[PDB]
Amino acid sequence: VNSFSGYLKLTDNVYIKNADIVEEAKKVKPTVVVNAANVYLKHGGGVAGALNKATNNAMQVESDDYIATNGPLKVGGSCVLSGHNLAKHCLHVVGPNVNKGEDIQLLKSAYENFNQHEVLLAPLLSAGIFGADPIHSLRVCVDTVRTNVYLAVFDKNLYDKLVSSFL
Ligand SMILES: O=C(O)C[C@@H]1CN(c2ncnc3[nH]ccc23)CCO1
């Protein structure tokens with residue numbers, strides 16, 4: 001039993017809710033919140049901008065030190081950093097950004113990072129300003145992630161479309 005509330009069950013291990021991931025993280029304080037990161041960990045907008053703003057820019061400060069030491073992530077890759085006031089840990093995962101021409105096949109590699117964590121609160125990778133089709137993102141999630149994932153979808157209209165079209 002866990003503290004996630006109000007989710008629709010899509011499969012054995014995938015759950016979905018119309019929610020603001022920032023507000024959901026603040027309420028649940030999950031072990032892991034996933035950030036929709038880029039390779040530079042520049043958290044300017046979308047989910048990343050919202051999560052970083054909620055940490056009062058502490059996420060960005062920590063991320064800048066990470067990059068200065070380690071260099072950029074790979075598209076499809078991830079790193080574990082602090083969750084600050086939102087979660088124990090933040091798993092920064094880089095899905096491909098269609099608006100940069102990155103290969104959508106890398107979306108499966110991106111979701112594979114979730115399998116290193118037993119339970120996660122996450123957004124749909126490569127959705128929103130990353131330019132991929134969220135219906136496709138949900139399908140890849142369900143077909144790739146085997147650990148327990150709680151998906152937060154900000155947009156109510158999109159949430160309803162994702163549920164209604166789910167096979
Ligand atoms: O979850 C969605 O509905 C789609 C994502 C969410 N993206 C966000 N952008 C800025 N702030 C945010 N807070 C929470 C989500 C979020 C934008 C669109 O793609």
Side-chain angles (χ1 to χ4, degrees), residues 14 16-26 28-117 119-145 147 149-155 158-159 162:
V14 178
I16 195 166
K17 184 184 180 178
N18 175 218
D20 182 346
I21 192 171
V22 172
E23 287 309 309
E24 189 78 4
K26 281 199 289 186
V28 175
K29 291 294 234 84
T31 305
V32 180
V33 66
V34 174
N35 181 32
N38 59 53
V39 297
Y40 306 111
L41 302 178
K42 286 175 59 108
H43 310 301
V47 169
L51 290 170
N52 176 58
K53 179 178 180 186
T55 75
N56 180 45
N57 211 50
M59 177 181 285
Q60 190 65 67
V61 169
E62 179 194 30
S63 292
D64 287 352
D65 171 83
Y66 174 91
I67 296 288
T69 297
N70 301 108
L73 296 179
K74 301 173 179 182
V75 179
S78 70
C79 67
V80 179
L81 290 172
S82 179
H84 300 278
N85 54 317
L86 303 180
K88 187 173 192 307
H89 302 106
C90 179
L91 180 70
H92 294 272
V93 180
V94 184
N97 189 324
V98 176
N99 305 316
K100 303 172 175 179
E102 294 165 352
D103 165 26
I104 195 60
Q105 299 305 138
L106 288 169
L107 187 55
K108 187 172 185 75
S109 302
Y111 275 116
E112 287 170 342
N113 295 288
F114 289 24
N115 289 321
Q116 299 295 317
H117 303 277
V119 182
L120 315 87
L121 171 62
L124 285 170
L125 298 180
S126 297
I129 67 175
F130 281 62
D133 176 1
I135 296 180
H136 174 64
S137 185
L138 177 56
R139 186 78 256 166
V140 179
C141 181
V142 161
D143 293 341
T144 305
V145 182
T147 55
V149 56
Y150 288 84
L151 295 168
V153 177
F154 182 56
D155 188 69
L158 172 62
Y159 171 84
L162 286 166

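By convention here, the first residue in the shown sequence is residue 1. Side chains included, hydrogens not; waters and symmetry mates left out as well; all remaining heavy atoms used.
Using modelled atom types and a 3.5 Å distance limit, the side chains of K88 and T31 yield no donor-acceptor pair. Side-chain atoms of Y40 and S63 include no donor-acceptor pair closer than 3.5 Å.
Although no hydrogens or angles enter the test, the distance criterion places no donor-acceptor pair under 3.5 Å between the side chain of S82 and the main chain of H89. For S137 (side chain) and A127 (main-chain N/O), no donor-acceptor pair under 3.5 Å exists by modelled atom type. No side-chain donor-acceptor contact under 3.5 Å links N52 to the backbone of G49. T147 places a side-chain N or O within donor-acceptor distance of the main-chain N or O of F114, the cut-off being under 3.5 Å. A side-chain donor-acceptor contact under 3.5 Å links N18 to the backbone of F154.
Here CG of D155 is found 11.5 Å from CG of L124. Values are rounded to the nearest 0.5 Å. Taking NE2 of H136 as the reference point, atom CD1 of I104 lies at 5.0 Å (rounded to 0.5 Å). Interatomic distance, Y150 OH to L120 CG, rounded to the nearest 0.5 Å: 10.5 Å. Interatomic distance, CG of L73 versus CD1 of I67, reported as 5.5 Å (0.5 Å rounding). Between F130 atom CZ and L125 atom CG the span is 9.0 Å, to the nearest 0.5 Å. Atoms CG and NE2, from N57 and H84 in turn, are 10.0 Å apart once rounded to the nearest 0.5 Å.
Between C79 and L81, some side-chain heavy-atom pair lies under the 4.5 Å cut-off. When side chains are defined from C-beta on, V28 does not count as touching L121, because their heavy atoms never get closer than 4.5 Å. Side chains of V145 and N115 form a contact here, defined as non-hydrogen atoms less than 4.5 Å apart. In this structure the side chain of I135 never reaches within 4.5 angstrom of the side chain of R139, judged on heavy atoms. Within the 4.5 Å cutoff, the side chain of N97 has no heavy atoms near those of the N38 side chain. Using a 4.5 Å cut-off on side-chain heavy atoms (C-beta onward), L91 and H117 make contact. Here the side chains of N35 and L41 are not in contact, with every heavy-atom distance at 4.5 Å or above.
Two rings, from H43 and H92, have their centers less than 6.0 Å apart.
Other residues, nucleotides and ligands contribute more than 12 heavy atoms inside 6.0 Å of the NZ atom of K17.
Remark: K26 engages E23 in a salt bridge (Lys or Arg N to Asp or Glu O under 4.0 Å) (not counting sequence neighbours). Not counting sequence neighbours, the partners of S109 by the side-chain contact (heavy atoms from CB on, under 4.5 Å) test are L106, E112. Partners of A87 according to the side-chain contact (heavy atoms from CB on, under 4.5 Å) rule, which considers only residues two or more places apart in sequence or in another chain, are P30, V33.
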